[PDB]
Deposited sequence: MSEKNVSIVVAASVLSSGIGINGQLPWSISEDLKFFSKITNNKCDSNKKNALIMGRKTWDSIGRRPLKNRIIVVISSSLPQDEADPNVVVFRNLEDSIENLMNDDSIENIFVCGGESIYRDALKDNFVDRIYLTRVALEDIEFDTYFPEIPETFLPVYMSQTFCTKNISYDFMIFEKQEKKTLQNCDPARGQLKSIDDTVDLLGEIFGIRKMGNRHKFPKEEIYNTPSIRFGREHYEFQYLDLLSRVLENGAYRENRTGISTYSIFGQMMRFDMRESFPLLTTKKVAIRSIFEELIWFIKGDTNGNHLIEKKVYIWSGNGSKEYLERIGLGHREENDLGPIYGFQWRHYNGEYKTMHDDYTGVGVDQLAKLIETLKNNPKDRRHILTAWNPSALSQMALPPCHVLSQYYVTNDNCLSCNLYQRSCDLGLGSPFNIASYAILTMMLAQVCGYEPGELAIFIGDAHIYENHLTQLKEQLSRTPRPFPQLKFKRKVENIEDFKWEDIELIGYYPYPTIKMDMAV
């Protein structure tokens, strides 16, 4: 009685694993993972057994795998005894004799074959599942990994990795002291909200995304879903300037890798083009909302209407003249603002240009900072800056990381946009300055969920995350303002359906 694990690499949506007798992809790291997971053993005087079908045995050239024993399921292959590293059985059931006798076999791996997978899961021989989720779906398959039965639950989901612009994930499925916890519970019974742990309660299972993954929430999309869960658990019900009240907490953070993937949420289709258009609108220094409306981007329409402007005391302002906001403090900080039609070339401090110059002239400098919080101009703005401050860091291996402090975070609408936007901005700065993308950390003050999003976000929490996509630039620009939407290629983005959520004005 020992352990049996399926090892498979399947596509993310349709679970395709093969085409015309070979693999539909070439990922070296996935083969290295197969090797290390099938060689992983405890007793040096024992070997592991790798069960595979006959066509799979043909796929690997009919040659043995070093240090392991291959078990081929075939009804026609001659039961040869010459090779002690390869043995043939007439059916999968008889081949499980590695359990009964043969104490020199430590662990068993079901290594390939749609038929082998299917009748190993149907016969309930499988204890564990090592699944490599590959983000390739618009290709041809003829062999599929069967659907994982409900008796299995996921216990691990790795970060997204990238090979040849292909995103992939690693997941584990499993078939399914107290004294410290008791003392903490007693202290939390004695002290009420006086104990800070009671103010940061762990989210209940009903609001926790994929709860069976307890210790292996490595995929960095969990940094967003778990913040959603924390707000749902501990969020105080509070009113704000809009008619829609929120559930709010104060002081949170999220980390995202940008070396091996692009942090665009997969549990919901995100409008990446509107994000890019808003970001390039910021970079060019523009505050004219009509330039966004003309490009079919309407995210600033609510905060730039005649009624809203007259209500907040800017009735003199033109229709979509948002005032000195993001991109006017970026390029013309402390500049005397008049209208959106005037020429501001030369006035104010160009934070972006000085930032680029310092990033490529003094990388280890600790002052790479871009701010939008200008107390002298807050009254002239249609909306004070939400993503308030950002800092940039050049690693010793020439990667560019970004920190963002955001004073107020609409988790339903604003947060995915902010994640993708500052990811794109860090990538642009890295290309312009000759670096690679690093990490993205977002520090949040008032993180809140609007009450008219509760149905939506909870729905989003029911969807198990998929591996992040990749984002590449088609050309190397000479100035950061020259980026165009056609220059951006989004590779391997297979999200869940769109979740409509109304904005609070």
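Sequence order list of spans that the model leaves without C-alpha positions, deposited numbering: Missing CA coords at 1-2, 179-192.
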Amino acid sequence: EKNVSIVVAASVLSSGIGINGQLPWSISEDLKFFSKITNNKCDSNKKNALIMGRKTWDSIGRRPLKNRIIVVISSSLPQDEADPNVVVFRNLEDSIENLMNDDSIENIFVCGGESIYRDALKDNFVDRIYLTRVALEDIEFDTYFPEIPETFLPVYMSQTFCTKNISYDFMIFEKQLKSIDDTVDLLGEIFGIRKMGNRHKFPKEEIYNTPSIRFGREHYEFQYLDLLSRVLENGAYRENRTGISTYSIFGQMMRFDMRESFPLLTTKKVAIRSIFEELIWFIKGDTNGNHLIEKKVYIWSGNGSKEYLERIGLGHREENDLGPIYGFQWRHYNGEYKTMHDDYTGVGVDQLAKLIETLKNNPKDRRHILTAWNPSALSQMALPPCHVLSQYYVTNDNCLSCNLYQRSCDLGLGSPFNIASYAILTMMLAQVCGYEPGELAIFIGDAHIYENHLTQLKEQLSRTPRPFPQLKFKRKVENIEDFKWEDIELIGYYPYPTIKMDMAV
From here on, numbers count along this sequence of modelled residues.
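Take the two forms, find the largest set of C-alpha atoms that superpose within 1.5 Å, and that set is the rigid core.
RMS Cα shift after core superposition in 8 other deposited structures of this protein, winner of 267-275 and 111-119: Farther on average in 8 other deposited structures of this protein: 111-119.
Stretch with the greater mean C-alpha B-factor as recorded in the entry, comparing 382-390 against 299-307: Higher mean C-alpha B-factor: 299-307.
Mean C-alpha temperature factor, higher of 418-426 and 286-294: If you average the C-alpha B-factors of 418-426 and of 286-294, the larger mean comes out for 286-294.
Candidate set 197, 313, 412, 154 [ranked by C-alpha B-factor, highest]: Within the set 197, 313, 412, 154, 313 shows the top C-alpha B-factor.
Identity of residue with top Cα B-factor, from 230, 133, 214, 317: The record points to 317.
Among modelled residues of the same chain, the CA temperature factor third for residue 374: As the PDB entry reports it, the C-alpha B-factor of residue 374 lands in the middle third of its chain.
CA B-factor ranking of residue 404, expressed as a third of its chain: Ranked within chain, residue 404 CA B lands in the lowest tercile.
Residue 503 CA temperature factor, ranked by third within the chain: It belongs to the middle third of the chain when residues are ordered by C-alpha B-factor.
Third of the chain's Cα B-factor distribution that residue 36 belongs to, per the entry: According to the entry, residue 36 has a C-alpha B-factor in the chain's highest third.
Assigned third (lowest, middle, highest) for the C-alpha B factor of residue 107: It belongs to the highest third of the chain when residues are ordered by C-alpha B-factor.
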